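This report refers to the structure that appears directly beneath it.
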Amino acid sequence: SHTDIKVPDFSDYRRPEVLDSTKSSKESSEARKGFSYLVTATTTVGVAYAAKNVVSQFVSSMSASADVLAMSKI
Amino acid sequence: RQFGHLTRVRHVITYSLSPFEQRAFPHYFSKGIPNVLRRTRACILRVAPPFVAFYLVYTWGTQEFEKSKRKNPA
Amino acid sequence: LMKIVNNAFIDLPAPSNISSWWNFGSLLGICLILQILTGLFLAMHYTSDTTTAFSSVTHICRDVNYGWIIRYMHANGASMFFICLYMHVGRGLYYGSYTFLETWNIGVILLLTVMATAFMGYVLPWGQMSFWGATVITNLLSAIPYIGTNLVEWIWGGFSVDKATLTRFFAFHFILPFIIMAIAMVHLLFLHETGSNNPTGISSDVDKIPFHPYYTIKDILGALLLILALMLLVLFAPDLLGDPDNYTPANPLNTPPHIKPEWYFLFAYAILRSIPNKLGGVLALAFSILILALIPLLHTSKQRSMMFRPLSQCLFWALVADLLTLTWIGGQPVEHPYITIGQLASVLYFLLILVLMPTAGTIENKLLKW
Amino acid sequence: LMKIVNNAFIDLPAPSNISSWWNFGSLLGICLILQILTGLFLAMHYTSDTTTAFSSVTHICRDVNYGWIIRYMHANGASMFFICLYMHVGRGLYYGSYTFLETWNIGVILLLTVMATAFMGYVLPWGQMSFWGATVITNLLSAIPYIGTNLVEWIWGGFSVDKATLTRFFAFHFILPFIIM
Amino acid sequence: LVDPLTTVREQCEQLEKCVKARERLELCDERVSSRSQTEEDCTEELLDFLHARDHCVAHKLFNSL
Amino acid sequence: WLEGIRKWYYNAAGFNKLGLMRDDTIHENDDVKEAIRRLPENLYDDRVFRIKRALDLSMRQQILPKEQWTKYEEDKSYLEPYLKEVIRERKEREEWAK
Amino acid sequence: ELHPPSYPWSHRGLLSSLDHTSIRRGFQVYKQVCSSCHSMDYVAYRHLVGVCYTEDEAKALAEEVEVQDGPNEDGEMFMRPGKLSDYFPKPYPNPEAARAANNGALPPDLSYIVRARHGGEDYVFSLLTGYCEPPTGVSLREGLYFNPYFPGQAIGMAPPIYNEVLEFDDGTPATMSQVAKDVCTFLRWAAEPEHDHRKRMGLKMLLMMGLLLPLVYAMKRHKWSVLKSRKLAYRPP
Amino acid sequence: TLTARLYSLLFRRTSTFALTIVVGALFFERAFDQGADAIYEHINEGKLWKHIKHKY
Ligand code: HEC
Ligand code: HEM
Ligand code: HEM
Ligand code: HEM
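Below you can see the structure in the form of structure tokens.
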């Protein structure tokens, strides 16, 4: 029935820091939530590095070309 | 269309876990690599032999073309 | 409240058995926007005059601050564009997208929109393959009797290619992506009433799932591979696909010994070049493309996919040999070891499609009794 | 079945006490498509170079078969365009369209899209009012302190109007109607 | 003064593929000169002597310079 | 000889490795949507769980172990009775209209 | 045809740059030799800045040559010493004069010739150093010459280069070879003034995309992990 | 651990989250260019301007 129901084991998949059912969470959760958002953040860093350079190319294309500066001061 | 009025389901159970409670890449090398090969052994025989002939027709296509520009004894 | 229509890209039902192939289904949205974005900034210094256009390209690659990249993010971007399509489209055959008749036809009109667009994009810089690349193809439309000379002269703006031919393309070429930009939404609209189509071919209504976390990032992962495979070429081998000759100025009074348009026509151009007759191959050309509209009347199997039709896989990957052959055979000249090929390869193309893929389902149904 | 969205232009509820003013509400759809249609065929012979653009206009008005009309269906079309708007917009005040806050703001962004568009459309033929018509207005953006000289030089493609100023508009000007579309 | 190239071409005419193509070139040379009327030439044997030559030169030439 | 091939080709399709049947892989048209709709719950629900898990494994590209695979002799024709019933009504629906 | 080999270079490597010292002597060649009949119109002295010469030094060459510029107030034109904005001196005013100065044949431009000819450099370096005696059974009009790398093996190319044809600044050997090195190095720069910078973004890309690609591939595998580990069952009566 | 102590300080609150990124990105920018250019110089030593920028 709905009580004979049982949950299998994910110990083949879980993190090592939680496999001991006798322990408790809240001692690694703060870390487990940190390592993954670190990937989210570190990802977000490099995308921003891409944006500053890739856009400035286009914007600096809108800028005065090299041909004009030759005629500017002289 | 959206969720709610698609179809019928009866007597089905779904178990699943947070991502945080499991490593992202467990058994990648350990279990993935055979599954790669198993995926390979089911497809190579119906994919390669065209490309096998292609490599040959790409070969003989040059050699005969290579000889034709080379002269004849006359 | 235009927030409810953008649920189709956020909260849309879609399957879960999905490969990495369907990254390609959305990269075009990234190719197209990027390509437009590139080309738009690019046309800030293009000029639509014969006497200066080729030079006006040189105005970019030399004197603009980091603009020289933009010639190649755009140009070789157009190659990565097509690399998606013939991985996007052969998909629909290997999985059975083409039953969605209201959508599959839309997937054609894009292709002829693009392959007639791109033809107007290689020609702008007056490369000495621009000119003849426009001459040969456009000359063929003289093949028709009693009107071929008219429409061709009518499009040439005279009796032959000239300045007047150029500007007429640059506007026709700067515009169609926007026409594609809206047709893109149409192509997704008829989808929206039915949704996607798994590799198995089974109606997966039971297992349709959200879209914002899962396939968004998955597509972004593909876009990364695209930008990678795009940034590689421009940085490491931009002269690879874009033929060398196109850096030559235009001159009608001299040809190269060898002619070939850009690589992607070549599966199709070879079909025509096979036929010694003039007109007898032209109708085969568009037929080779417009056969796609004609396939879905040839879904013989009451299955859908080809993951569960092993014999279809024997034919399907054999078709790729023919295309990838005609690709190479097209880009090579007219001599005896190669003419013998295209006289077969052209026939093989029409043959595999209209005889043997139908023949499969008529058999595979009989192999399993329905 | 994209036939259900085009009921908004076929089977849509709408009032019955309606004047002749609201003809103008849809003429823009006709002005815009016509104007685009005109200009598109028109740019088949425009040239984005200083040394030939003004002449390239003359290529039309003289040598093209009935193309000389197209300079004016388009150009003076743009005047009839604006004649609709300030009969389209003052309407909303005289009747009270402007309570539809989600719509009225959209009605602005068009206007600045157009009035900055059209500014790029009068300038193409190098009329001696094109140049100064672009100089004076654009010069004003130097009014800002510490950035005005930058953005203006940045848009001029140098230190003053030139060939580089032209092409940068012709693309910015050939495009926005589709953004409006 | 000297061309360093000749120093390198000289050594390579001794190697196998050059000597063999050289001998073939000589019979070609006499195949043509001996005959009176010939629409034939030793462009045939010349190029194979050279496609084999310059491959060795690739290996080491910019070591000097 | 024939019958060795139907068993053989049935193994090369692969859908016996994903716990599926012959009927489950059918293309869906209006003729079949009726038939599926006509199916009983004891069997209809048994369709979904066969399908539902094969999808989850197609996601992974995984399969089931050899024991769970489907045997040719157990490839029951549970759907054909309901199907041909329909087309017996289709062809009557049309020729009678002629 | 004839396929040139793949001669190595100081820049063939996918993070290799150009030896600017080699360029510095290469530019001497074009002015002393090739600028008599080759019309490089897509270049100016200013582009040499930051590459081989400086502002004032390269400007000394603009002072050297006269250039036709300026409508006089009389209504005529004149000659002045050029400047850094001025493109190179065109040898001849039009193509036809070049055909007239030769045996009916035209010199091509050399701005983008490298990227407009298969093999690029390796064609050119072996072209000059492919001169030899014609073979037996061949005949050529006057003005034409033999060179296997050119199509048809027949060309109106007078031999431009030879050992001790000129001298260079620092005093390196003026062999037929080293000169042939700097010149082909020079022309690649013509159709690529960005090589020094292409590799720079050529490198920045990898240590980003090589660094991101795992992370995004993890964030993928992060979210999907719910379904990479999802189990089911079937419990009707 | 460092991972956990990092979480409670910065990656917890969203308004704090974007602060770390642009800051670290700024400090990251100053390093990445210096890393690449020196290596690009390390490879092509004796070829660039700055290695002939003293003779003239
Ligand atoms: C005496 C005038 C003159 C000099 C000096 C000269 N060239 Fe040539 N060059 C010509 C002419 C004339 C042609 C025409 C070749 C033809 O018509 O096939 C030509 C052809 C060429 C080509 C065309 C090759 C191709 O694939 O089409 C190149 C490249 C070239 N020269 C480079 C050079 C180089 C390198 C040098 C110095 C080593 C040089 N030129 C010096 C007159 C000259
Ligand atoms: C599917 C859409 C398009 C295709 C297939 C296409 C095709 C091409 C190709 C292959 C080139 C290469 C020319 C070269 O490398 O020298 C090119 C150049 C060019 N494209 Fe397009 N293009 C497309 C869209 C656009 C767009 C959207 C714009 C502007 C917004 C544009 C403007 C230009 C211009 C001005 C050039 C000249 C640059 C050059 O020739 O190098 N194109 N086009
Ligand atoms: C700019 C051009 C295009 C855009 C923006 C576009 C967009 C899309 C997108 C986002 C999808 C969903 C992704 C997926 O199904 O994997 C899709 C699917 C599809 N596309 Fe494209 N597409 C384009 C070109 C084409 C072309 C040339 C064809 C030619 C046949 C085509 C045929 C299809 C079909 C049949 C589907 C259905 C997918 C399925 O059956 O599961 N599309 N398209
Ligand atoms: C709201 C949209 C637009 C406005 C306000 C506008 C404004 C103008 C105006 C007033 C002229 C008159 C120039 C003259 O009479 O000499 C003009 C010329 C021109 N328009 Fe635009 N235009 C618009 C859209 C377009 C479009 C859609 C195109 C192309 C599809 C286009 C291309 C041109 C060209 C090439 C010219 C030069 C012809 C000339 O100056 O006579 N414009 N524009």
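Protein chains in written order, with the authors' numbering: chain R, 1 to 74; chain T, 2 to 75; chain P, 10 to 379; chain C, 10 to 190; chain U, 13 to 77; chain S, 12 to 109; chain Q, 4 to 240; chain W, 4 to 59.
Using N, Cα and C, we set each Cβ at its ideal position, and we do this for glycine too.
request  = Thinking residue 12(T) and residue 56(S) are a contact (beta carbons under 8 Å), I'd like their distance in whole angstroms, please.
outcome  = 6 Å
query = I think residue 104(P) touches residue 314(P), with their Cβ atoms under 8 Å apart; what is that distance to the nearest whole Å?
reply = 5 Å
task = From the DSSP output, read off the bridge partner residues of residue 6(C).
result = Nothing about residue 6(C) can be reported from this structure: the residues present for chain C run from 10 to 190 only.
ask   = Helix, strand or coil: how does DSSP classify residue 52(Q) here?
value = If DSSP states are grouped into helix, strand and coil, residue 52(Q) belongs with the strands.
key: Minimum Cβ-Cβ distance from residue 58(T) to chain S less than 8 Å   = no
task = Report whether the distance from the Cβ of residue 75(U) to the nearest heavy atom of ligand 1 is below 7 Å.
result = no
ask   = Which of helix, strand or coil does DSSP assign to residue 3(R)?
value = coil
task = Drop a sphere of 10 angstroms on the beta-carbon of residue 43(Q), count the other beta-carbons inside from all chains shown, and report buried for 16 or more, exposed for fewer.
result = The residue is buried, with at least 16 neighbouring Cβ atoms inside 10 Å.
ask   = For residue 123(P), is the beta carbon positioned less than 7 Å from some heavy atom of ligand 2?
value = Yes, the beta carbon of residue 123(P) sits closer than 7 Å to at least one heavy atom of ligand 2.
ask   = Looking at residue 297(P) and residue 358(P), is the spacing between their C-beta atoms short of 8 Å?
value = Yes. Within cutoff.
Endpoints, the beta strand (DSSP E) within which residue 15(T) is located = 14–17
key: Pairwise C-alpha distance: residue 72(Q) and residue 82(Q)   = 6 Å
Within chain P, partners of residue 7(T) - CB distance below 9 Å = 22, 214, 215 and 217
ask   = Cβ of residue 54(S) less than 8 Å from any chain P Cβ?
value = no
task = Could you tell me if the beta carbon of residue 181(Q) falls within a distance shorter than 7 Å of some heavy atom in ligand 2?
result = no
query = Which class does residue 84(Q) belong to by DSSP, given the choice of helix, strand or coil?
reply = strand
Residue 44(R): contacting residues in chain W (beta-carbon distance under 7 Å) = 24
Cut-off 8 Å between Cβ atoms - residues of its own chain near residue 85(P), not counting five sequence neighbours on either side = 239, 242, 243, 247, 249, 250 and 251
query = By the 10 Å Cβ neighbour count, where 16 or more other Cβ atoms means buried, how is residue 3(R) classified, buried or exposed?
reply = exposed
query = Roughly how many whole angstroms lie between the Cα atoms of residue 66(R) and residue 66(P)?
reply = C-alpha separation (whole angstroms): 14 Å.
query = the region 289–323 of chain P: which residues have C-beta closer than 9 Å to a C-beta of chain S, in chain order?
reply = Those residues of the region 289–323 of chain P that come within reach of chain S (Cβ to Cβ, closer than 9 Å) are 308, 310, 311, 312, 313, 314, 316, 317, 318, 319 and 320.
query = Looking at residue 28(Q) and residue 185(Q), is the spacing between their C-beta atoms short of 8 Å?
reply = yes
Whole-angstrom C-beta distance between residue 108(S) and residue 319(P), which should lie under 8 Å = Not really, about 40 Å apart at Cβ, beyond 8 Å.
Short-range partners of chain Q found in the region 27–38 of chain R, where Cβ spacing is below 7 Å = 36
task = State the CB to CB distance for the pair residue 20(S) and residue 376(P), rounded to an integer number of angstroms; the pair is presumed to be in contact (CB under 8 Å).
result = 5 Å
key: Interface residues of the region 41–56 of chain W facing chain Q [CB-CB below 7 Å]   = 43, 46, 47, 50, 51, 52 and 55
ask   = With a CB to CB cut of under 7 Å and the five nearest residues on each side skipped, what residues in its chain are close to residue 65(Q)?
value = 48, 84, 85, 86, 87 and 89
query = At a cut-off of 7 Å, is residue 137(C) close to ligand 4 when judged by its beta-carbon and the heavy atoms of the ligand?
reply = no
query = At a cut-off of 7 Å, is residue 31(W) close to ligand 4 when judged by its beta-carbon and the heavy atoms of the ligand?
reply = Flag unset: Cβ of residue 31(W) not near ligand 4.
request  = Would you please verify whether the beta carbon of residue 67(R) is less than 8 Å from any beta carbon of chain P?
outcome  = yes
query = Any C-beta of chain Q sitting closer than 8 Å to the C-beta of residue 50(U)?
reply = Contact with chain Q is found for residue 50(U), since one of that chain's Cβ atoms lies less than 8 Å from the residue's Cβ.
Contacting positions in the region 139–166 of chain Q - beta carbon closer than 7 Å to chain R = none
key: Where residue 213(Q) falls, given that 16 or more other Cβ within 10 Å makes a residue buried   = Around the C-beta of residue 213(Q), fewer than 16 other C-beta atoms lie within 10 Å, and the residue is accordingly described as exposed.
ask   = Checking contacts by CB at 8 Å: is residue 74(T) closer than that to chain Q?
value = no
ask   = Nearest to residue 22(U) by CA position, among 68(U), 75(U), 49(U) and 77(U), is which residue?
value = 68(U)
message = I'd like to know whether the C-beta of residue 72(R) is nearer than 8 Å to at least one C-beta of chain C.
response = yes
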